[PDB]
Each structure stands twice: as C-alpha cells, then as structure tokens.
Amino acid sequence: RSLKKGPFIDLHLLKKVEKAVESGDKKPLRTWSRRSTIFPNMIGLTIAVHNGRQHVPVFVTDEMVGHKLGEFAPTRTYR
Amino acid sequence: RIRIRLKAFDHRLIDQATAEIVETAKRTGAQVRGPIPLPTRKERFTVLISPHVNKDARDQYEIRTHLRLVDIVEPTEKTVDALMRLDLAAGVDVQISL
Amino acid sequence: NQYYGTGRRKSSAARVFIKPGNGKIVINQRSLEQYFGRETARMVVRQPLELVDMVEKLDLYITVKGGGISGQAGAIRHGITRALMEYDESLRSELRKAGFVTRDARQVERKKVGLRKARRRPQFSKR
Amino acid sequence: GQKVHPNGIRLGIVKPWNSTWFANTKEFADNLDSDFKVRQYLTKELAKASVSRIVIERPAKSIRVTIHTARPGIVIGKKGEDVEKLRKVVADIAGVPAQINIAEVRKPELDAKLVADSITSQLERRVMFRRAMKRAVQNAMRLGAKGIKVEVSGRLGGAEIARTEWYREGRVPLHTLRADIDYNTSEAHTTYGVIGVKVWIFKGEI
Amino acid sequence: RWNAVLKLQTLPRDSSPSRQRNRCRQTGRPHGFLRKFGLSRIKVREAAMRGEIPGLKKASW
Amino acid sequence: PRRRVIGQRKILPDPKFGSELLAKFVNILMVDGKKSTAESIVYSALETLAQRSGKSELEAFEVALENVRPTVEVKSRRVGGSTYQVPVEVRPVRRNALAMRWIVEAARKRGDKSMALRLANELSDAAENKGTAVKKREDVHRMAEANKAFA
RNA sequence: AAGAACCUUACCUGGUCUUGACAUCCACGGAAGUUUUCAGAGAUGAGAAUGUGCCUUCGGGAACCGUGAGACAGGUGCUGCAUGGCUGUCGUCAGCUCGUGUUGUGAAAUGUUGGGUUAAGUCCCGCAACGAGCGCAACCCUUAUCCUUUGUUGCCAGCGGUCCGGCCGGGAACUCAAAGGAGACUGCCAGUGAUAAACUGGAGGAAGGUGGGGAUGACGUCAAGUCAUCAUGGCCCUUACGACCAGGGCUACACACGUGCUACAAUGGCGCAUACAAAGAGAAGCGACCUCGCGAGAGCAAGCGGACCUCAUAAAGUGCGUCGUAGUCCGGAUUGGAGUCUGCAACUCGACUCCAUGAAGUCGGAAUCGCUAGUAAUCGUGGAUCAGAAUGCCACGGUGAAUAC
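Residues numbered from 1 in each chain as written, not as in the entry; some residues may be left out. Chains lettered and ligands numbered in written order. Part of a larger assembly, values for the part shown. Heavy atoms only, no water.

The name recorded for chain F in the PDB entry is 30S ribosomal protein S7, from Escherichia coli. In the PDB, the structure is listed with the title "70S initiation complex".

Looking at the PDB entry, one finds chain A named 30S ribosomal protein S19, with Escherichia coli as its source organism.

Dropping the structure here:
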C-alpha cells in the first residue's frame with residue numbers, strides 16, 4: 001500500500017509483545033500508543049489501543065498485517 | 001582582477017566609498033575601473049497592521065539594497081597594500097576578493 | 001550611412017538601424033517573416049514605410065528583446081519611425097498627424113491589497 | 001492614531017535611522033537583537049540625563065553607540081569615567097567591543113522626547129494637567145519653536161471615563177511632505193493606570 | 001530499511017524540525033512571524049516606524 | 001456621465017482587408033482577450049459568406065448589416081405613473097454598433113457548427129433578410145408611438 | 001490565523017509536580033559536561049559509569065549544577081462599559097475652526113451667505129469683516145521622454161579573428177542597468193468669458209490642462225473592535241483557574257449561509273510540431289548536469305551567498321491532424337487496487353504519483369456584485385508562511401476589450 005519501504009513499530013510495546021508471543025495470549029494489554037503498524041507476530045493476541053480516553057479491545061487476526069493498531073478505535077462518538 | 005563588491009542602504013553613500021577607492025588608487029598607484037553600477041535588489045514586504053482582525057488594509061515596506069562593483073587591474077603589488085586596509089569604506093559593508 | 005532609432009513599449013528594448021536599399025525585414029538575425037510576420041506585428045511595425053513612403057527604399061537591421069506579440073512590436077515601431085530620416089526628419093511632421101511619433105505610454109497597473117486584480121473589487125454580503 | 005507616524009515617513013527624507021549599521025541576512029537578526037537589548041538598559045540608567053536620540057552604528061566589526069541628550073553632566077561626571085562605566089557593561093551585553101559617545105543638545109526644552117519626559121514627570125508629580133501641560137508648551141514657543149502641539153490620552157485627573165485633550169500653538173504643517181517633524185509618544189503610570197503623552201515639535205521646511 | 005538502526009527512536013523527539021515553532025522573539029506570539037526580523041508583524045511595525053531598524057522604509061512601488 | 005466628456009481612441013484598421021468597421025466588429029466579437037482567435041474566425045466567416053452569396057468581400061456583411069439597422073431604440077423612463085418604455089432616434093454610430101451587437105448573441109444562439117460557420121450563417125440570413133437579426137430589428141417600429149412624448 | 005498530524009494548543013479524558021516551566025534572593029553540597037541501563041506510554045522516577053575545569057586570596061570565588069528554607073513566582077484567569085497602547089469605519093469625503101472686530105439682552109451669528117469659477121472653503125470680483133491655523137494643493141516615490149557621467153558577471157552596431165555558438169579578441173558605439181540631471185510653467189497663441197478669475201479650441205511638443213500610478217487619511221462619529229501581541233488600573237484563584245507530560249479533540253454532520261476554486265465545452269477537447277516574458281527567491285539553501293526509474297521520484301553530483309550559478313525548459317498563443325453535438329476523445333465527483341515524498345510520527349489527521357472507476361453537471365430562481373482603459377476579461381509565473389504543508393492571501397507580467405446619449 002503506502003508509506004514507502006517499510007513501516008514503524010513501538011519499542012516499549014515490542015518487549016511486552018515478545019512476552020505475548022513467547023508465553024501466548026492472556027489479556028488485553030493497555031497501550032497508550034496507536035502508532036505501530038501490525039505484522040504477523042501480533043496475530044492471535046489480545047491488545048488494547050487508546051482512543052484518547054480508553055484502550056479499545058482489539059484481538060488481532062490474519063489480514064491485520066495490512067493495518068495499524070489505531071484503525072479500529074473510534075475517537076469521535078456519534079448519535 | 002582584484003575587486004570590491006560593495007553593499008549599501010544609501011546610493012549617495014556607496015557613491016563616496018567608490019569615489020574614495022578611485023582617488024586612493026590613482027594616488028597610490030593606478031588602474032581602477034570605478035563603479036560598475038549593477039541592478040538594484042529591492043526587498044518588498046507587506047504586513048498586517050492591526051493587533052486583531054481587520055485584514056483589509058496592510059502596510060508595505062522596502063529595503064533598497066544598493067550594490068557596486070569596483071575592480072583594479074593594477075599590477076603594482078606593493079602599492080596595492082597601501083590601497084588596501086586603510087579605508088573605512090563610508091560606514092557600510094564592503095567585500096574585497098581576488 | 002546608418003540611421004538609428006531605439007524606442008520602447010512595455011519594457012521591450014529594441015535597436016533599429018536603417019540604410020538605403022531594397023530591404024528585407026531583419027529581426028534578431030532572422031527575418032520577421034520567418035518569425036511568423038504574417039501574424040507577428042504583421043503590417044504594424046512597417047508604419048513609416050506605409051504613410052509617407054513605400055517599403056523597398058531602405059535596408060533595415062533590427063534587434064529586439066522582451067514582451068509578447070504586441071509587446072515586441074511597439075518598441076520596434078517607435079524605433080523605426082525615429083530611424084526614418086534618410087534626408088532629414090521632415091517626415092516626422094507628417095507622422096505627427098498620424099501620431100506614431102509618440103509611443104503609447106501605458107503600462108500594467110500593480111496589484112494592491114484588497115482587490116482581486118487592479119480595479120476589480122471583491123463582492124461583500126449585504127449593504 | 002489614523003495618521004502615519006511622522007518619524008517613519010521622513011526616514012529617507014530628512015530623519016536619520018537611529019541605528020545605521022549595515023548587516024547581511026545571517027547576522028541581521030542578531031545585531032537587531034543586541035540593539036533592542038541595549039536600549040532597555042540604556043533607557044534605564046540615563047533617566048536624569050534624558051535621551052534625545054541614539055545612533056547605533058558600525059565601527060570595526062563590533063559596536064558603537066552615540067547617545068544624544070539634554071544633560072551630559074550625570075553621564076560624564078568625572079573625566080571619561082561614568083561614560084566608560086556604562087560602556088563596559090554595554091560591551092558585556094553586546095559581547096563585543098562597545099564604544100560610547102554622549103552628545104549634548106543645547107536648549108533641550110526645544111526637543112520633543114526631552115520635553116515629553118519633563119511633562120510626564122509632572123504627571124508623576126500628579127499636577128493639574130490643564131495648566132501644567134500648556135505651561136510646558138508655551139515654554140517651547142517662548143524658546144523659539146516655529147510650531148508645537150500636545151495631546152494627552154486617558155483617565156486624566158483619575159477620571160472614570162477615558163478622555164483626550166490636545167493643544168497646539170504655532171505652525172505644525174502635518175500633511176506637508178517637506179516638513180521636519182520631531183514627534184514622540186511617552187506614557188505615565190499612575191494609581192489609576194497608564195496615561196499617554198504625545199508631543200509634536202516643528203522646526204523647518206527644508 | 002535496516003536492522004537495529006531503524007529502531008533507534010529513543011530520541012527526545014525534540015530533535016525534529018517538526019518540533020520548534022518559531023515564536024515571536026520579543027512577545028511569544030506563534031502567528032504573524034516573518035523570518036527576516038524573527039518577530040511577529042506588530043513589533044516589526046512598532047520598531048520600523050520608530051526608525052530603529054536600519055535602512056528600512058516605506059514602499060510606494 | 002453627468003459632467004466631463006468621454007471620446008475614446010479610433011482603433012486600428014484591419015490589415016490588408018482594410019475595413020476599420022470589421023476591426024471594430026472583431027473587437028465586439030472578441031472572447032476573453034483572444035483577438036487572435038477572433039481574427040482567425042472573421043476571415044473564415046467572410047470567405048464562407050462571400051463564397052455562399054457569390055458576392056464581393058466588403059459589401060457582403062455590410063448589406064447583411066444594413067437591413068438589421070433600425071433608426072430608433074427604446075429607453076425605460078418614469079416621471080409620473082409606473083415605468084414607461086420610450087422610443088428615441090439612434091446615433092448613426094450607435095446604429096452600426098447595435099447591428100453588430102445583436103449578431104454575436106444571435107450567433108451563440110444558433111443550432112449550427114463552430115464559430116466561423118455559424119457567424120457566416122447568421123450573416124447569410126441577414127443578407128437574405130429572414131433570420132434572427134431582422135427579427136430583432138423588426139420590433140421597435142411596432143412599439144414606438146404608443147408612448148411618444150415622454151422624456 | 002503569513003501554515004490545527006505531535007509540537008503548535010489554550011481544551012478534554014488520563015499520568016504527574018507544587019517556592020515549582022521562568023524571575024529576583026540566601027545557605028549548603030557538587031566542575032560544567034561527555035557515556036551507557038532497567039522499570040514506565042512518556043513526563044519520569046530509580047541506577048551504574050565517568051569526568052572532577054579557567055580566577056584563589058587555601059574560609060575560596062566566578063562560570064554552572066543538585067538539594068532545602070522562606071520572602072515569592074505564575075495564570076491566553078476575570079473586567080475593552082475602569083484603561084493605555086494600537087486599529088477599523090464614515091472618507092482622501094472638502095470641509096473644519098480659533099484670534100480680534102462687529103451684530104444681538106443672551107444662547108449665538110458673521111468670518112465660513114453673495115456674484116462667477118474648479119478636481120476643490122480652487123481662484124477672482126463683490127462684501128461689516130480683516131487676519132490666522134488645520135485641511136485639498138505641493139514638496140516625495142515610481143512610471144511615460146531626452147541628455148550627461150559609468151562599462152562587469154551585463155549589452156553587441158560597426159570592425160577583424162572565428163569548431164563563425166557573443167564565442168574570443170575588441171569596441172565601447174549602442175542596449176540595459178544606476179548614479180546624476182533636463183523638460184511642461186496655462187506657457188505659447190487665438191477666441192470666449194464682468195475687462196478680473198476662469199474657460200473653450202487650436203499651436204508647438206516625446207509627455208498639455210491635478211500627465212498616469214502609488215505614498216500621503218481634516219476636526220470628529222460608533223462609551224466600535226482589541227484585557228489572546230504587548231503594557232496596564234481594579235478583581236480573583238495562587239497543593240490550583242498554575243506548571244510539566246501522553247493520547248485525543250480543534251478536520252464531527254439531518255442542516256443553513258458566506259467567501260473562493262473547477263465545470264457544464266466545439267472561439268473547445270485531445271495528439272504532434274513550433275515561440276515571445278516579466279518579476280522573484282536561494283547556504284541545515286536552491287541543486288544543474290549526467291545516469292537510473294511507469295511516473296511520481298531515486299542515486300551520484302558541478303556551480304553560486306547571485307546582472308554570472310541554481311530553482312528555471314512561462315503558459316495561453318501559433319502551424320498541422322483528429323474528434324462532430326454525445327452526459328461525448330466533454331467533465332471530473334466518489335470509490336477500489338498498487339506506489340512515491342517529509343517527519344519521532346501519515347491511525348483519527350498530509351500532500352503527491354500510477355492503474356482502474358467515471359456521480360452530479362448539458363450554464364442556475366427571486367435577488368444581487370464588480371468595473372470607465374493597459375482597465376474589465378482571460379492564461380501563466382513568483383513569494384511570504386514553510387519539516388511536509390494551498391483552489392487562500394500577497395506580488396509580477398503575457399494576451400487584452402465592449403459601452404458611457
């Protein structure tokens with residue numbers, strides 16, 4: 001898609017991810033960052049991605065390699 | 001050859017420095033080209049007057065940048081130093097390259 | 001010998017020279033006709049070689065820069081009428097009646113703050 | 001006000017700039033930074049002396065500050081001493097060699113910034129302004145001003161409503177383009193707040 | 001991209017030219033700033049008309 | 001206007017063709033400063049007019065214009081009661097102006113091809129005196145004298 | 001507001017601190033500082049390293065850091081109807097006023113009404129008013145024309161020499177440039193006009209009746225706008241309305257309106273060839289050239305702090321050819337897929353490329369806006385703002401009118 005030759009991911013979250021990868025899934029992790037672009041290693045693991053007032057529960061699945069954390073999170077309430 | 005390109009706010013001021021380089025040069029030695037004029041740079045600004053709102057009227061400003069170029073084709077090397085240095089160049093900026 | 005005439009219109013510098021002869025029209029060392037002179041100032045610049053005399057009595061050398069079509073023409077036009085003087089400038093007196101001894105002074109008016117162009121004013125809600 | 005500033009319009013005409021050093025784009029901001037800094041300290045120290053106008057000018061790639069004034073006496077004191085004492089701390093502020101020359105102007109009541117501080121000081125005394133300001137204006141005409149005008153602006157007399165009050169005496173020919181106009185705003189600070197003091201003095205036509 | 005080197009984003013993010021604003025040097029205003037004096041327009045005008053800024057004048061082109 | 005007089009410059013005569021009248025016609029016709037596309041249109045229209053009619057060059061558009069020149073125009077005016085339309089006798093200059101003026105709007109309104117052709121066709125049904133320009137002319141004569149004496 | 005991805009940004013939900021983010025001031029201990037780490041979203045707290053310096057008077061002291069103390073700091077908090085300062089606006093509209101004098105019981109009037117005249121309280125004459133000052137006018141900048149001074153990085157006629165390219169001698173003529181100057185003053189004449197003022201017409205002249213533009217804004221009006229540019233009287237909070245930090249919001253969306261851009265086409269689209277600009281900007285910049293890539297762009301990389309070099313190869317226009325009245329070889333919305341560029345960061349929330357998709361629209365109601373000549377109109381270019389940000393604003397030129405009884 002876009003953003004040139006390879007995306008960015010968050011360092012502090014990556015060390016928590018290696019616990020989630022090695023030990024397997026446990027619970028939604030409460031993360032302030034939305035910034036990371038998902039790649040295969042985050043798949044099958046419960047995380048939670050901030051919307052500016054709460055971490056939104058994303059369980060990661062197969063095609064999410066195409067996506068960032070942030071995309072599933074709603075920052076503007078509606079009727 | 002050796003040349004002075006000058007820069008000035010006042011046209012009648014860079015005029016006196018390029019007068020002084022001429023009469024210094026033909027005094028101390030010879031061979032000066034006087035002031036080649038060269039086109040004027042004009043820094044034209046416009047800025048908004050009001051502290052708040054009122055876009056409509058603004059005030060325009062200008063800084064006229066007068067250049068001059070003087071060359072000496074002078075080969076009298078040991079009177080070139082006497083031409084050099086001693087001048088204060090009418091209180092405005094000058095640069096002297098070979 | 002040579003008869004010189006300068007002229008300007010709209011910041012276009014021209015340099016006209018004239019001597020006797022069955023002249024073709026020479027502009028920047030090419031013909032004006034090979035500069036599309038069917039269209040480019042087509043009879044416009046050959047104004048002194050219209051009213052007071054015919055074309056084929058003077059050789060002519062012209063060098064022009066700046067403007068577009070009408071921009072290029074008037075500098076050459078006012079240089080060529082002034083250069084028309086093989087035996088004196090007596091024909092300027094007849095060209096005075098025509099008006100081609102006087103170049104058109106006019107230039108573009110600047111942009112100023114609060115106008116869309118130069119006299120064009122914006123529209124504004126109610127009144 | 002809605003008039004153009006007399007000082008600014010006449011800069012290329014008949015009023016020298018109050019800094020006159022040349023600079024290139026790289027150091028133009030930094031020279032103007034030290035120039036705007038020095039004038040704060042310079043206005044602060046020389047209150048008794050009272051500044052007429054200042055030339056901040058270019059010597060040998062350093063700085064020089066010719067200060068004109070009503071009163072040299074407090075500035076000079078003994079020899080070159082109390083001028084040098086200022087010039088030393090200016091050299092620290094500028095960061096380069098600083099050179100100071102103090103320049104007296106005789107009949108100082110005739111010049112505009114100088115009279116304005118005198119008027120504004122009697123506002124600090126809290127005088128009856130209606131007589132006091134006009135008595136100051138009359139002094140200039142008495143001392144051979146061609147024209148003079150004053151305007152004050154604010155809660156004058158401590159007033160609940162804001163008010164204004166000019167006076168003018170002599171020929172001050174404002175929209176005349178050749179005219180030499182010396183003009184200055186100054187303000188007073190009172191227990192009722194700030195009072196503006198504007199003064200126009202007219203010398204000549206060429 | 002490459003190895004550990006792209007992961008070196010432990011910087012303060014105060015490094016970036018995306019970060020510093022260029023506020024008015026005298027007043028802190030973050031609007032109306034021309035770079036040439038490095039001030040917002042009103043203190044430029046306040047100085048210029050009072051004749052302090054060297055070589056600067058009105059324009060009538 | 002009310003006070004000071006206006007009397008503009010008399011424009012360039014058209015090159016070779018020699019009609020300063022047709023030079024004024026292209027200046028009226030001119031779209032958006034394109035005097036170049038205007039002069040491109042006019043000769044193509046003038047050749048196609050003279051080719052169709054079988055006539056000579058200068059008098060072809062001139063005879064077509066001549067039928068469509070009325071001697072009067074009307075003005076909206078009021079003094080007493082609610083607005084009146086008042087006929088007035090045209091200036092001879094403004095006469096030739098009004099004939100040319102209605103032509104360009106008429107040529108835009110046609111069912112025809114591109115501009116050289118459609119303008120020549122408009123000149124054709126003014127030369128034949130049966131199209132839109134004669135219909136615009138043949139109005140004011142009926143309207144006059146129901147309303148004669150107001151200023 | 002001449003630039004909301006974080007920062008900006010003030011506000012919210014969250015995480016924190018409280019003599020603090022910043023001043024002024026003391027004591028006490030520590031060079032400042034350059035390295036690295038764990039835990040945390042980060043701020044951060046909590047570390048191990050190391051370094052341990054100019055003056056010294058051997059109690060030091062200046063540069064500077066950390067800790068603690070109390071005087072205090074702080075506020076884009078509140079009050080523009082407490083204010084300065086500053087600005088809009090009626091309006092560059094031609095008016096507006098004070099000295100004395102006279103006139104009236106007096107408020108006041110006259111001056112500043114008249115008779116003419118103009119762009120004009122412009123000017124004459126007349127006058128119970130004479131004078132003054134602010135004002136328009138005019139001094140200025142820029143532009144229309146000429147002459148002198150000056151000739152490189154600019155320019156090239158006459159000259160030679162030319163890879164015959166202003167390229168290289170050279171000429172500096174001439175262009176341009178920028179320094180200095182001239183000329184136009186109702187002055188020249190005629191006529192008309194109260195003879196005066198003035199006016200009309202013509203002359204001569206490159207420029208004629210304020211030459212054009214710009215700058216230049218009277219006394220005063222709206223207790224106008226601005227306590228968020230700043231200053232500031234007064235009021236208030238001062239372990240919170242302050243300060244620091246992360247993410248979010250400022251870009252939402254059944255709607256209404258303003259101000260702009262782009263269309264609805266054939267004077268035009270689309271394809272090829274062909275050609276004149278004017279003003280800019282540039283060193284954490286602009287970046288040729290050369291090569292590479294579908295292109296956006298990428299790699300290598302001269303020259304120049306600029307009449308030189310760079311962005312930078314101005315477009316409409318013009319010559320040929322195609323399309324032929326159609327929701328089109330018109331038009332681009334929307335949306336898909338695949339890409340490039342900046343930055344710690346493209347996620348809410350960037351620009352841009354490529355391929356694909358091809359809504360609406362076939363010229364807009366009542367109503368309403370602008371403009372009197374290089375203007376309207378129309379096509380390009382440039383700058384400020386700036387990491388990246390434009391259909392805005394600000395600037396420049398090309399083409400270039402119609403109509404004013």
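That was the structure; now back to the text.
Undergrad: Provide a residue-level description of the overall build of chain A, including the pertinent values.
TA: Regarding its fold elements, chain A presents one helix and three strands. Along chain A, helices (α) and strands (β) appear in the sequence α-β-β-β when read from the amino end. The C-alpha radius of gyration computed for chain A amounts to 13 Å, which stays within 12% of the reference 12 Å derived for 79 residues, consistent with globular compactness. Projected onto the principal axes, the alpha-carbon positions of chain A cover approximately 40 × 35 × 25 Å. Per-residue burial over chain A gives 35% buried out of 79 residues. At a minimum sequence separation of 6, the contacts of chain A that also span at least 24 residues come to 41%. Accessible surface, chain A: about 6100 Å² in total, of which carbon and sulfur atoms supply 55%. (Helix = DSSP H or I, 4+ residues; strand = E, 2+ residues; numbered from the N terminus. Rg over C-alpha atoms; globule rule 2.2 N^0.38 Å. Buried < 20%, exposed > 50% of the residue type's maximum accessible area, 1.4 Å probe, protein only. Contact = heavy atoms within 4.5 Å. Areas by Shrake-Rupley, 256 points an atom, 1.4 Å probe, with all protein chains shown as cover.)

Undergrad: Go over the interface of chain E and chain B with me, naming the residues and quoting the values.
TA: With 15 residues of chain E in contact, the opposing surface of chain B contributes 15 residues. Interface of chain E and chain B: buried area, both sides summed, is about 1600 Å²; carbon and sulfur atoms make up 57% of it. Among the residues of chain E in contact with chain B, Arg41, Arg45 and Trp61 of chain E are the three that bury the most area, contributing 39% of the side total. Linking chain E with chain B are four salt bridges. For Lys36 of chain E, the salt bridge goes to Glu43 of chain B, with nearest N and O atoms at 2.7 Å. (Buried area = accessible area lost by both parts, 1.4 Å probe. Salt bridge = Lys/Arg side-chain N within 4 Å of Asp/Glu carboxyl O.)

Undergrad: Before we move on, can you summarise the pattern of salt bridges with the specific residues and values?
TA: Close approach of charged atoms allows side chains of opposite charge to pair. Residue and element names in this part refer to chain D. Applying the stated rule across the entire model yields 44 salt bridges over all chains. Between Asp180 and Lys15 there is a salt bridge whose closest N-O contact spans 2.7 Å. Here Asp180, found in the loop between β5 (163-170) and β6 (181-190), pairs with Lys15, found in the loop between α1 (6-9) and α2 (25-45); they are 165 residues apart in sequence, far enough to count as distant. On the basis of relative accessible area, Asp180 is assigned to the buried category, the value being 17%. What makes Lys15 buried here is its relative accessible area of 12%. The closest approach of N and O atoms between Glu165 and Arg163, which form a salt bridge, is 2.6 Å. Since its relative accessible area comes to 14%, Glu165 is described here as buried. Connected through shared salt-bridge partners, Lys15, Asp111, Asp180, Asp182 and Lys203 make up one network.

Undergrad: I'd love a proper account of a nonpolar patch on the surface, names of residues and values included.
TA: A cluster of nonpolar side chains, namely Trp2, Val5 and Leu8 of chain E, defines an oily patch on the protein surface of about 360 Å² accessible area. With respect to the element layout, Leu8 of chain E can be found in the segment before β1 (33-34). (Patch = residues over 30% accessible without salt bridge, like charges linked within 9 Å, V, L, I, M, F, W, Y side chains within 5 Å.)

Undergrad: Go over the sheet that holds strand β2 (residues 46-50) of chain A, please, and point to the residues and values.
TA: Residue and element names in this part refer to chain A. Across the sheet, which stays open at both edges, the three strands sit in the order β1-β2-β3 with mixed pairing between neighbours. Among the strands making up the open sheet, the edge pair consists of β1 (29-31) and β3 (55-59). The sheet shows a mean angle of 30° between the axes of neighbouring strands, direction not considered. Relative to β3, β2 runs antiparallel, the two being bridged by five bridges. (Pairing = 2+ DSSP bridges. Axes fitted to C-alpha atoms, helices over the stretch in contact; angles between N-to-C directions.)

Undergrad: Go over the protein's contact with RNA strand G with me, naming the residues and quoting the values.
TA: Residues in close proximity to RNA strand G total 170 residues, the closest being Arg1 and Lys16 of chain A, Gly67 and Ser70 of chain C together with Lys3 of chain D. Each atom of RNA strand G within 4 Å of the protein was assigned to sugar, phosphate or base; sugar and phosphate come to 76%. The separation between a sugar or linking oxygen of RNA strand G and a polar main-chain atom of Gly193 of chain D is 3.4 Å. Separating a sugar or linking oxygen of RNA strand G from a side-chain N or O atom of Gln9 of chain E is a distance of 2.8 Å. With seven residues, the single largest contributor to the surface near RNA strand G is strand β3 (residues 58-72) of chain B. Per-class residue counts for the surface near RNA strand G are 52 nonpolar, 50 polar and 68 charged. (Near = heavy atom within 4 Å. Polar contact = N/O pair within 3.5 Å; in protein donor to acceptor, adjacent residues only side chain to side chain. Nonpolar A, V, L, I, M, F, W, Y, C, P; charged D, E, K, R; others polar.)

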